[PDB]
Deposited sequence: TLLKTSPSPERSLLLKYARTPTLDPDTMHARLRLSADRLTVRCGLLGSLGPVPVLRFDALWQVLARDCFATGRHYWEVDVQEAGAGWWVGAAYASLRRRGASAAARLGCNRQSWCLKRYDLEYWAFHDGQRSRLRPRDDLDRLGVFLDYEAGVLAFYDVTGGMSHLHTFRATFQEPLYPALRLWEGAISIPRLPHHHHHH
């Protein structure tokens, strides 16, 4: 894929931050796979939503990472958020994509959605997404998502002026999400 090769010129492999992740979640030893444990159970740590943030954030320039939702079952949220995203409670200020501070794509059962700050946008991908590609252009204010499987097909592009650095960000309903290692 020349387009995938083009994206991969900015490849990132964002390790996840275990200090942030909800107590019900578990992180693999390489900090690249997050999964729901059987058993649930703190200041930085999400109180009530099954969310986790990456360790590293992005303040400038272009970046590309991928997110693999093939073991993630019927529900997931994949996106990016400022560090200012609230961690306590399940209010909109804490939920990924429900506020000024974060953007995400979400799958609920058969449905796919793009979320940002009261803006909502339904997606109609051809087949269930297995692999997502997230392309961030900080200067251009562009946060683009691709169906990696299925030919780098474009899913949705957010446009904003980013005020703070962005962290790759997830929310789990079930199963596992992994960050693939990129070139």
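- Gaps between the deposited sequence and the modelled structure occur at positions 1-7, 49-52, 195-200.
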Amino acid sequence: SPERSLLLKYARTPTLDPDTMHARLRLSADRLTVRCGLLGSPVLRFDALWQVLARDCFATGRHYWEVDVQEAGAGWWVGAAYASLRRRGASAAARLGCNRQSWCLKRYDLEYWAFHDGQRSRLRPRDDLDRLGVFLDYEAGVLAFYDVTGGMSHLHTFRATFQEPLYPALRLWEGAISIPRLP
From here on, numbers count along this sequence of modelled residues.
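- Note on 154-162 vs 125-133: mean CA B-factor is higher in 125-133.
- Relative to one another, 143-151 and 25-33 have unequal mean CA B-factors, and 143-151 is the one with the higher figure.
- Residues shown: 58, 65, 115, 46. Highest C-alpha temperature factor in the entry: 46.
- Among all modelled residues in this chain, the alpha-carbon of residue 95 has a temperature factor (C-alpha) in the middle third.
- Residue 88: CA B factor lies in the highest third for its chain, per the PDB record.
- When all modelled residues of the chain are sorted by CA temperature factor, residue 41 is found within the highest third.
- When the CA B factors of the chain's modelled residues are split into thirds, the value for residue 74 lands in the middle one.
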